[PDB]
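Visitor: Structure incoming, see below.
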Amino acid sequence: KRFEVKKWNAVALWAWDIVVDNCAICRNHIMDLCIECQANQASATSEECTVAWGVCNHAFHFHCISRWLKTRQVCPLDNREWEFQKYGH
Amino acid sequence: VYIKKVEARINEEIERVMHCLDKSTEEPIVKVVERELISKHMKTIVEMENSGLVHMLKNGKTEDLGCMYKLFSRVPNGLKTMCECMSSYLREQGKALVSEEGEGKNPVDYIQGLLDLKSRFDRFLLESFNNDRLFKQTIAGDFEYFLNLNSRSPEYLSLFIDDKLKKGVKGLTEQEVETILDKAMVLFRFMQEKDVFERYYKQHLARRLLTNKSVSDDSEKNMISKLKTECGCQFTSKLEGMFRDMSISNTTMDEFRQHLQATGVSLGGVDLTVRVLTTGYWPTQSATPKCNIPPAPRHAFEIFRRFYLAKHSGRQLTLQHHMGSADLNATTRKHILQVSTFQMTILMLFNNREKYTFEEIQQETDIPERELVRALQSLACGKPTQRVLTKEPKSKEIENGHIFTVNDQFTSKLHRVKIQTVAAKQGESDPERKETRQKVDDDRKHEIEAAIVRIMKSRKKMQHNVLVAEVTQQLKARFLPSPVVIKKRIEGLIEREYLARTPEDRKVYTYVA
Ligand SMILES: [Zn+2]
Ligand SMILES: [Zn+2]
Ligand SMILES: [Zn+2]
């Protein structure tokens with residue numbers, strides 16, 4: 001051949017049990033509102049209800065995890081105390 | 001000459017009242033001597049022209065500044081009359097410098113000029129005013145006055161620190177590097193809107209760590225130590241996470257090299273360098289591009305995904321193209337090219353069959369839009385006499401039916417020639433600026449709504465505007481208070497279970513935890 005690849009350096013991202021189809025706290029979907037909301041409108045304004053991303057790389061609706069934090073504060077899908085980094089999908 | 005002659009007059013009056021008269025009578029007169037005499041014309045003097053304060057500031061005769069400082073120290077309100085004029089001059093120079101008119105202010109040069117004028121002002125202050133408190137607070141307020149404008153300044157300073165950290169070519173030794181870094185963080189000290197600063201600093205970290213390594217390998221510790229004294233430890237969760245992700249990436253790289261030396265039956269697993277990090281830390285570039293990949297990178301990505309889904313039970317993988325690089329071994333000698341995960345698919349399609357066009361690479365590739373355009377242009381457009389992908393229809397704009405060819409270009413005096421069309425002159429186009437502004441706006445929104453739920457659970461309640469003062473004081477060193485935004489967002493806690501904060505019954509608030 002005329003051009004042959006010798007070296008490659010991809011960077012491979014990884015996702016834990018974020019479940020990009022079912023929030024693990026309320027069980028609705030990674031997006032599509034939460035249980036305390038449901039209605040896409042209803043005094044929401046640009047639906048103030050987005051996805052929250054932990055350091056443990058799990059994902060839930062901000063509302064669900066922030067309401068769950070009131071009581072239990074250690075991420076239900078492992079044991080890690082749970083921190084924050086990215087908001088939204 | 002007026003200051004010198006009035007000083008001579010003061011001295012001769014002092015010696016006269018010390019001999020011919022009695023020193024006791026000097027005080028009332030020296031009052032008028034600084035009042036009905038100095039104060040009188042001091043006005044005309046603390047302004048006007050004829051080699052005046054505003055002219056000696058731009059000329060730089062420090063002896064005159066020191067002389068007038070030691071002279072006007074006796075007359076009351078004289079320090080104020082000179083502070084107001086020097087502040088007017090500094091505000092003029094500032095609005096002449098922050099001039100946004102004529103978009104094109106060179107980033108590393110605008111902030112350099114800002115440092116140049118604040119340093120000369122501070123040195124004139126320390127040599128003449130002897131570190132006076134009044135002049136210091138006046139220049140502080142002056143700096144706070146014009147720094148509310150020019151919102152690209154944190155981005156300009158972040159681009160400056162990236163240019164200084166990528167390679168220490170200028171100032172090979174460590175002493176001047178240390179001094180320039182201290183001056184940089186001092187300049188950053190008198191800067192607001194730290195959120196965009198941290199965002200762009202993290203973006204520059206991602207740009208400098210996901211590229212060719214061995215930039216400094218030691219200055220990162222100095223940077224993180226300086227940031228612990230500057231930004232604090234609230235942004236080191238994602239900072240140390242970037243470092244830990246780089247560490248895990250190289251560890252998994254050597255581990256996958258070992259596991260490939262064991263298996264690696266396919267030729268796809270040759271010289272492989274696969275890094276591993278998590279979404280939270282490094283933001284998603286786009287919608288995980290899924291364009292056709294060359295058979296070798298396909299096999300490499302398949303092996304990496306199988307490993308990440310097997311050993312890491314629960315974790316998986318997400319293929320993408322908007323990151324990384326490669327070394328394309330071309331072949332009179334064998335010169336190895338370089339492709340940054342963008343030209344691999346097009347060059348592989350050319351290897352499979354040459355004489356393609358835009359339709360061929362847009363039909364049988366599943367190629368995206370903006371980034372495809374970018375790569376194609378970088379490869380056949382705006383190229384110096386090192387063209388690796390030529391075409392017959394020579395033109396600036398991109399057509400559809402244009403055949404692509406290849407040229408030798410023996411000007412490469414080595415075997416490792418790279419095409420670094422990416423990371424060009426800092427343009428900062430409107431779409432990327434708007435999207436990062438929206439991102440930092442959503443970040444600010446989440447930040448204020450995360451600080452309020454952390455604080456007001458252990459504090460008292462507000463009636464109308466009591467706790468907003470506290471939530472703005474806690475964020476004074478972060479960014480602007482944005483009263484309208486926070487007022488519109490706090491009324492969104494009614495839908496939240498924690499502290500509905502009843503608007504009509506604002507007499508008593510809840511504390512459900
Ligand atoms: Zn949920
Ligand atoms: Zn919700
Ligand atoms: Zn977790």
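Labels used: A, B, ... for chains in the order of the structure tokens, numbers from 1 for residues in each chain, and numbers from 1 for ligands as shown.
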Counting only C-alpha atoms, which residues from chain A have an atom at most 8 Å from any atom of chain B, and could you show them as an NGL selection string?

Guide: :A and (1-17 or 44 or 48 or 53-55 or 57 or 63 or 67 or 70-71 or 84-87)

Visitor: So which bits of segment 366-430 of chain B end up strand (DSSP E) when you DSSP the backbone, as number ranges by chain?

Guide: B: 390-391, 404-405

Visitor: Emit the selected residues as an mmCIF file, in the first residue's frame, including N, CA and C atoms.

Guide:
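See again03.cif below for the written result:
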data_model
loop_
_atom_site.group_PDB
_atom_site.id
_atom_site.type_symbol
_atom_site.label_atom_id
_atom_site.label_comp_id
_atom_site.auth_asym_id
_atom_site.auth_seq_id
_atom_site.Cartn_x
_atom_site.Cartn_y
_atom_site.Cartn_z
ATOM 1 N N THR B 390 -3.345 17.286 -2.773
ATOM 2 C CA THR B 390 -3.580 18.320 -3.770
ATOM 3 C C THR B 390 -4.840 18.021 -4.573
ATOM 4 N N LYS B 391 -5.306 19.036 -5.296
ATOM 5 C CA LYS B 391 -6.478 18.919 -6.149
ATOM 6 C C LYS B 391 -6.239 19.673 -7.448
ATOM 7 N N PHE B 404 -9.030 14.628 -5.758
ATOM 8 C CA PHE B 404 -7.915 14.780 -4.837
ATOM 9 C C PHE B 404 -6.730 13.933 -5.285
ATOM 10 N N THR B 405 -5.533 14.509 -5.165
ATOM 11 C CA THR B 405 -4.301 13.814 -5.512
ATOM 12 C C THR B 405 -3.277 13.962 -4.395
#

Visitor: Enumerate as a list in words the residues within 10 Å of ligand 3, counting only C-alpha atoms and all ligand atoms.

Guide: residues 16, 17, 18, 53, 54, 55, 56, 57, 58, 59, 60, 74, 75, 76, 77, 78, 79, 80, 81, 82 and 83 of chain A

Visitor: Write to file, as a PDB file, in the first residue's frame, the residues of the selection just made, with C-alpha atoms.

Guide:
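What landed in selection31.pdb:
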ATOM      1  CA  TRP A  16     -20.211   3.583  34.634  1.00  0.00           C
ATOM      2  CA  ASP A  17     -23.841   2.618  35.389  1.00  0.00           C
ATOM      3  CA  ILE A  18     -24.990   6.112  34.284  1.00  0.00           C
ATOM      4  CA  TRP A  53     -22.761  14.054  36.649  1.00  0.00           C
ATOM      5  CA  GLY A  54     -20.718  12.628  39.531  1.00  0.00           C
ATOM      6  CA  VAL A  55     -16.971  12.001  39.768  1.00  0.00           C
ATOM      7  CA  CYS A  56     -17.859   8.315  40.042  1.00  0.00           C
ATOM      8  CA  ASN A  57     -19.214   9.022  36.525  1.00  0.00           C
ATOM      9  CA  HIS A  58     -22.771   7.925  37.326  1.00  0.00           C
ATOM     10  CA  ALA A  59     -25.648  10.106  36.205  1.00  0.00           C
ATOM     11  CA  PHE A  60     -29.078  11.075  37.555  1.00  0.00           C
ATOM     12  CA  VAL A  74     -22.974   8.546  49.398  1.00  0.00           C
ATOM     13  CA  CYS A  75     -24.162   7.608  45.788  1.00  0.00           C
ATOM     14  CA  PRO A  76     -26.482   4.560  45.661  1.00  0.00           C
ATOM     15  CA  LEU A  77     -24.560   2.686  42.928  1.00  0.00           C
ATOM     16  CA  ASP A  78     -21.219   2.117  44.713  1.00  0.00           C
ATOM     17  CA  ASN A  79     -20.123   3.652  48.104  1.00  0.00           C
ATOM     18  CA  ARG A  80     -18.127   6.784  47.045  1.00  0.00           C
ATOM     19  CA  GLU A  81     -19.174   9.996  48.838  1.00  0.00           C
ATOM     20  CA  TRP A  82     -20.040  11.443  45.367  1.00  0.00           C
ATOM     21  CA  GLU A  83     -18.687  14.806  44.086  1.00  0.00           C
TER      22      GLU A  83
END

Visitor: Could you tell me how far atom CA of residue 240 of chain B lies from atom CA of residue 208 of chain B, in Å and to one decimal?

Guide: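 Spanning atom CA of residue 240 of chain B to atom CA of residue 208 of chain B is a straight-line distance of 15.1 Å.
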
Visitor: Using only C-alpha atoms and all ligand atoms, pick whichever of A:39, A:24, A:69, A:19 has the shortest atom-to-atom distance to ligand 1.

Guide: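 Nearest candidate to ligand 1 out of A:39, A:24, A:69, A:19: A:24.
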
Visitor: Mind checking which residues fall within 12 Å of residue 28 of chain A, counting only C-alpha atoms, ignoring those fewer than 5 positions away in the same chain, and posting them as a PDB file with C-alpha atoms, in the first residue's frame?

Guide:
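Final output, saved to part_19.pdb:
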ATOM      1  CA  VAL A  19     -27.755   4.049  32.511  1.00  0.00           C
ATOM      2  CA  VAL A  20     -28.297   6.438  29.509  1.00  0.00           C
ATOM      3  CA  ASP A  21     -31.933   5.138  29.451  1.00  0.00           C
ATOM      4  CA  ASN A  22     -33.068   4.976  33.132  1.00  0.00           C
ATOM      5  CA  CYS A  23     -32.140   7.204  36.094  1.00  0.00           C
ATOM      6  CA  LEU A  33     -38.067  14.929  33.267  1.00  0.00           C
ATOM      7  CA  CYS A  34     -38.111  13.302  36.758  1.00  0.00           C
ATOM      8  CA  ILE A  35     -40.887  12.015  39.123  1.00  0.00           C
ATOM      9  CA  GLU A  36     -41.178  15.346  41.053  1.00  0.00           C
ATOM     10  CA  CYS A  37     -41.688  17.089  37.653  1.00  0.00           C
ATOM     11  CA  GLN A  38     -43.112  14.797  34.866  1.00  0.00           C
ATOM     12  CA  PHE A  60     -29.078  11.075  37.555  1.00  0.00           C
ATOM     13  CA  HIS A  61     -31.533  13.975  37.248  1.00  0.00           C
ATOM     14  CA  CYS A  64     -33.425  13.363  42.164  1.00  0.00           C
TER      15      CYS A  64
END

Visitor: Find the residues around residue 71 of chain B up to 12 Å (only C-alpha atoms counted), leave out those fewer than 6 positions away in its own chain, and share them as a PyMOL selection string.

Guide: chain B and resi 2-11+33-34+38-39+42+64-65+78-79+82+128-129

Visitor: I'd like the interatomic distance between atom CA of residue 425 of chain B and atom CA of residue 388 of chain B, to a tenth of an Å.

Guide: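 So the two atoms, atom CA of residue 425 of chain B and atom CA of residue 388 of chain B, lie 21.7 Å apart.
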
Visitor: Pick out the closest residue to ligand 1 from this set: A:66, A:73, A:41, A:46. Count only C-alpha atoms and all ligand atoms.

Guide: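 Ranking A:66, A:73, A:41, A:46 by distance to ligand 1, first place goes to A:66.
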
Visitor: Tell me which protein, DNA and RNA residues are within 9 Å of residue 368 of chain B, counting only C-alpha atoms, leaving out same-chain ones fewer than 5 positions away, and put them as a PyMOL selection string.

Guide: chain B and resi 289-291+362+373

Visitor: Using only C-alpha atoms, which protein or nucleic acid residues come within 12 Å of residue 80 of chain B? Drop anything in the same chain fewer than 3 positions from it, and give the result as number ranges by chain.

Guide: B: 39, 42-43, 46, 69, 72-73, 75-77, 83-87, 133-135, 137-138

Visitor: List every residue of segment 121-319 of chain B that DSSP, applied to the backbone of this structure, places in alpha helix (DSSP H), and write the result as an MDAnalysis selection string.

Guide: chainID B and resid 121:124 133:146 153:166 175:189 194:209 219:229 236:262 295:310

Visitor: Export C-alpha atoms of the chosen residues as a JSON list (two decimals), in the first residue's frame?

Guide:
[["chain", "number", "residue", "atom", "x", "y", "z"],
["B", 121, "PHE", "CA", 2.32, 53.12, 38.11],
["B", 122, "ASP", "CA", 3.13, 50.93, 41.12],
["B", 123, "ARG", "CA", 6.86, 51.69, 40.89],
["B", 124, "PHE", "CA", 6.18, 55.43, 40.65],
["B", 133, "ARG", "CA", -2.44, 54.26, 51.56],
["B", 134, "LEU", "CA", -4.45, 57.00, 49.83],
["B", 135, "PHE", "CA", -2.73, 56.58, 46.46],
["B", 136, "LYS", "CA", -2.98, 52.80, 46.81],
["B", 137, "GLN", "CA", -6.73, 52.87, 47.43],
["B", 138, "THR", "CA", -7.27, 55.39, 44.62],
["B", 139, "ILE", "CA", -5.42, 53.26, 42.07],
["B", 140, "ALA", "CA", -7.26, 50.20, 43.44],
["B", 141, "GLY", "CA", -10.62, 51.84, 42.82],
["B", 142, "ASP", "CA", -9.39, 52.99, 39.41],
["B", 143, "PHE", "CA", -8.47, 49.41, 38.50],
["B", 144, "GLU", "CA", -11.87, 48.21, 39.74],
["B", 145, "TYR", "CA", -13.53, 50.92, 37.62],
["B", 146, "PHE", "CA", -12.51, 49.89, 34.07],
["B", 153, "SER", "CA", -9.43, 39.44, 29.58],
["B", 154, "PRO", "CA", -9.61, 36.14, 31.64],
["B", 155, "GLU", "CA", -9.51, 34.28, 28.26],
["B", 156, "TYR", "CA", -6.57, 36.47, 27.07],
["B", 157, "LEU", "CA", -4.65, 35.78, 30.34],
["B", 158, "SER", "CA", -5.46, 32.02, 30.09],
["B", 159, "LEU", "CA", -4.10, 32.03, 26.49],
["B", 160, "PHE", "CA", -1.02, 33.91, 27.83],
["B", 161, "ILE", "CA", -0.38, 31.34, 30.59],
["B", 162, "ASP", "CA", -0.82, 28.49, 28.10],
["B", 163, "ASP", "CA", 1.73, 30.05, 25.74],
["B", 164, "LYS", "CA", 4.10, 30.42, 28.70],
["B", 165, "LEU", "CA", 3.51, 26.87, 30.00],
["B", 166, "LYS", "CA", 3.60, 24.93, 26.71],
["B", 175, "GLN", "CA", 14.33, 32.23, 37.98],
["B", 176, "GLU", "CA", 12.76, 34.44, 35.30],
["B", 177, "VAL", "CA", 10.03, 31.83, 34.80],
["B", 178, "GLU", "CA", 9.23, 32.04, 38.52],
["B", 179, "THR", "CA", 9.18, 35.84, 38.38],
["B", 180, "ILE", "CA", 6.92, 35.97, 35.32],
["B", 181, "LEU", "CA", 4.56, 33.46, 36.94],
["B", 182, "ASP", "CA", 4.44, 35.51, 40.14],
["B", 183, "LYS", "CA", 3.70, 38.63, 38.09],
["B", 184, "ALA", "CA", 1.01, 36.72, 36.18],
["B", 185, "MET", "CA", -0.76, 35.56, 39.33],
["B", 186, "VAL", "CA", -0.44, 39.06, 40.80],
["B", 187, "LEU", "CA", -2.13, 40.44, 37.68],
["B", 188, "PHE", "CA", -4.80, 37.75, 38.06],
["B", 189, "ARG", "CA", -5.32, 38.79, 41.69],
["B", 194, "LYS", "CA", -12.90, 33.67, 37.88],
["B", 195, "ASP", "CA", -15.39, 31.13, 36.51],
["B", 196, "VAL", "CA", -14.52, 31.75, 32.85],
["B", 197, "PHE", "CA", -10.86, 31.86, 33.87],
["B", 198, "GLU", "CA", -11.05, 28.39, 35.40],
["B", 199, "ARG", "CA", -13.08, 27.09, 32.45],
["B", 200, "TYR", "CA", -10.52, 28.27, 29.90],
["B", 201, "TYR", "CA", -7.64, 27.08, 32.09],
["B", 202, "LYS", "CA", -9.18, 23.60, 32.19],
["B", 203, "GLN", "CA", -9.69, 23.73, 28.42],
["B", 204, "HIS", "CA", -6.02, 24.64, 28.01],
["B", 205, "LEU", "CA", -5.08, 21.78, 30.34],
["B", 206, "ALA", "CA", -7.08, 19.41, 28.13],
["B", 207, "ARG", "CA", -5.41, 20.85, 25.03],
["B", 208, "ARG", "CA", -1.88, 20.53, 26.44],
["B", 209, "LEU", "CA", -2.31, 17.08, 28.02],
["B", 219, "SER", "CA", 5.90, 23.18, 36.16],
["B", 220, "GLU", "CA", 2.50, 21.52, 36.71],
["B", 221, "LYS", "CA", 3.23, 21.23, 40.43],
["B", 222, "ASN", "CA", 4.16, 24.91, 40.58],
["B", 223, "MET", "CA", 0.97, 25.80, 38.69],
["B", 224, "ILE", "CA", -1.29, 23.80, 41.00],
["B", 225, "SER", "CA", 0.51, 25.20, 44.06],
["B", 226, "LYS", "CA", 0.03, 28.79, 42.79],
["B", 227, "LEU", "CA", -3.66, 27.99, 42.03],
["B", 228, "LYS", "CA", -4.15, 26.74, 45.63],
["B", 229, "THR", "CA", -3.08, 30.27, 46.77],
["B", 236, "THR", "CA", -8.77, 21.41, 42.45],
["B", 237, "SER", "CA", -11.35, 18.56, 42.50],
["B", 238, "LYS", "CA", -11.45, 18.71, 38.69],
["B", 239, "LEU", "CA", -7.82, 19.82, 38.49],
["B", 240, "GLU", "CA", -6.38, 16.87, 40.42],
["B", 241, "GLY", "CA", -8.96, 14.78, 38.57],
["B", 242, "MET", "CA", -7.42, 15.81, 35.26],
["B", 243, "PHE", "CA", -4.03, 14.72, 36.60],
["B", 244, "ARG", "CA", -5.38, 11.43, 37.96],
["B", 245, "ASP", "CA", -7.13, 10.77, 34.65],
["B", 246, "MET", "CA", -3.84, 11.29, 32.80],
["B", 247, "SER", "CA", -2.18, 8.87, 35.23],
["B", 248, "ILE", "CA", -4.89, 6.23, 34.79],
["B", 249, "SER", "CA", -4.70, 6.77, 31.03],
["B", 250, "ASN", "CA", -0.98, 6.04, 30.80],
["B", 251, "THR", "CA", -1.30, 3.09, 33.19],
["B", 252, "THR", "CA", -4.08, 1.58, 31.07],
["B", 253, "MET", "CA", -1.95, 2.35, 28.01],
["B", 254, "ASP", "CA", 0.97, 0.23, 29.22],
["B", 255, "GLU", "CA", -1.46, -2.43, 30.47],
["B", 256, "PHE", "CA", -3.13, -2.65, 27.05],
["B", 257, "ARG", "CA", 0.30, -2.78, 25.42],
["B", 258, "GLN", "CA", 1.10, -5.78, 27.63],
["B", 259, "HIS", "CA", -2.26, -7.44, 26.89],
["B", 260, "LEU", "CA", -1.75, -6.85, 23.16],
["B", 261, "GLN", "CA", 1.75, -8.39, 23.27],
["B", 262, "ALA", "CA", -0.05, -11.43, 24.78],
["B", 295, "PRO", "CA", -9.69, -0.97, 9.61],
["B", 296, "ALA", "CA", -6.62, -0.77, 11.92],
["B", 297, "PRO", "CA", -8.06, 2.02, 14.23],
["B", 298, "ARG", "CA", -11.35, 0.11, 14.05],
["B", 299, "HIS", "CA", -9.66, -3.01, 15.44],
["B", 300, "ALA", "CA", -7.81, -0.95, 18.06],
["B", 301, "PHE", "CA", -11.02, 0.74, 19.24],
["B", 302, "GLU", "CA", -12.83, -2.61, 19.30],
["B", 303, "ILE", "CA", -10.09, -4.16, 21.45],
["B", 304, "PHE", "CA", -10.09, -1.16, 23.79],
["B", 305, "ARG", "CA", -13.89, -1.21, 24.13],
["B", 306, "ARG", "CA", -13.93, -4.96, 24.78],
["B", 307, "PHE", "CA", -11.29, -4.52, 27.48],
["B", 308, "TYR", "CA", -13.10, -1.57, 29.06],
["B", 309, "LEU", "CA", -16.37, -3.52, 29.10],
["B", 310, "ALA", "CA", -14.81, -6.80, 30.34]]

Visitor: What does the distance from atom CA of residue 354 of chain B to atom CA of residue 414 of chain B come to in Å, to one decimal?

Guide: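 Straight-line distance from atom CA of residue 354 of chain B to atom CA of residue 414 of chain B works out to 26.1 Å.
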
Visitor: From the list B:89, B:444, B:434, B:369, which residue is nearest residue 287 of chain B when using only C-alpha atoms?

Guide: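 Among the listed residues, B:369 lies closest to residue 287 of chain B.
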